[PDB]
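Novice: Experimental structure and sequence below, a few questions after.
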Amino acid sequence: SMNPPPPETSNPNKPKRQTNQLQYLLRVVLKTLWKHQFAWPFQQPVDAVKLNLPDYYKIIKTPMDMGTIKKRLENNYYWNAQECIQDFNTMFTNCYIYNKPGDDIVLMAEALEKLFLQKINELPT
Ligand SMILES: Cc1nnc2ccc(-c3cc(O[C@H](C)[C@H]4CNC(=O)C4)c4cccnc4c3)cn12
């Protein structure tokens, strides 16, 4: 029981575009969360073996992390801003599913999610 391959970060059959919303997602949303004191546990895929998380990939079938989101934004993988927002939502939700209220990682995820919500509220129209 080890880790799956990380999520894809490049799709060569998918066209690429730069938009004002995608710029905001990289330059404000991802950058702010990535640089936060609590970001390190979320900067790469969950390594259930190194972290001793039994049954992680029996419980979480749609893993996501900020390292994947950063690479997707840097590679212009996202065509729609909603794809990126959905990945951040999946990352936080998985943490809440696997862990318990009051756990250190959940309190860290909640602080990052509050900051995510504050920044996404100012996504340009
Ligand atoms: C995402 C996601 N979803 N569930 C989990 C469950 C655990 C983790 C996790 C926790 C970590 O540290 C703990 C908060 C303390 C124990 N050791 C310390 O140094 C502090 C990590 C420290 C360095 C790198 N990666 C970590 C990943 C992330 N998780």
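Specialist: Now that the structure is in, tell me what you want to look at. Numbers count the residues shown, from 1 in each chain.
Novice: Pick out the residue in the chain sitting closest to the ligand.
Specialist: With C-beta to the nearest ligand atom as the measure, residue 41 is the residue of the chain nearest to the ligand, at 3.4 Å. Quick note: C-beta positions are derived from backbone N, CA and C, even for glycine.
Novice: from memory residue 49 sits against residue 2, does it?
Specialist: Yes - contact criterion C-beta atoms under 8 Å: residue 49 and residue 2 qualify, at 5.6 Å.
Novice: More neighbours: which of these two?
Specialist: Between residue 49 and residue 2, counted using other C-beta atoms under 10 Å, the more crowded position is residue 49 (11 against 7).
Novice: so what's the closest residue to residue 25 other than its chain neighbours up against?
Specialist: In space, and not counting its chain neighbours, residue 25 is closest to residue 84: 5.0 Å by C-beta to C-beta, 6 or more residues apart in numbering. When contacts are counted by C-beta atoms under 8 Å, 6 or more residues apart in numbering, residue 84 touches 22, 25, 69, 72, 73, 78.
Novice: sec struct for residue 46, please.
Specialist: Assigned state for residue 46: coil (three-state reduction, DSSP: H, G, I helix; E, B strand; the rest coil).
Novice: Please enumerate residues in contact with whichever strand or helix holds residue 111?
Specialist: Using DSSP states H and E, residue 111 falls within helix 104-120. The contact list for helix 104-120 (C-beta under 8 Å, 6+ apart) reads 28-29, 32-33, 36, 38-39, 41-42, 85, 88, 92, 95-96, 99-100.
Novice: Okay, and which of the residues you listed map to helices?
Specialist: 32, 33, 85, 88, 92, 95, 96 (DSSP state H).
Novice: Could you pick out the buried ones from the residues you listed?
Specialist: Buried residues within the ones in helices among the contacts of helix 104-120, counting neighbours by 16 or more other C-beta atoms under 10 Å: 33, 85, 88, 92, 95.
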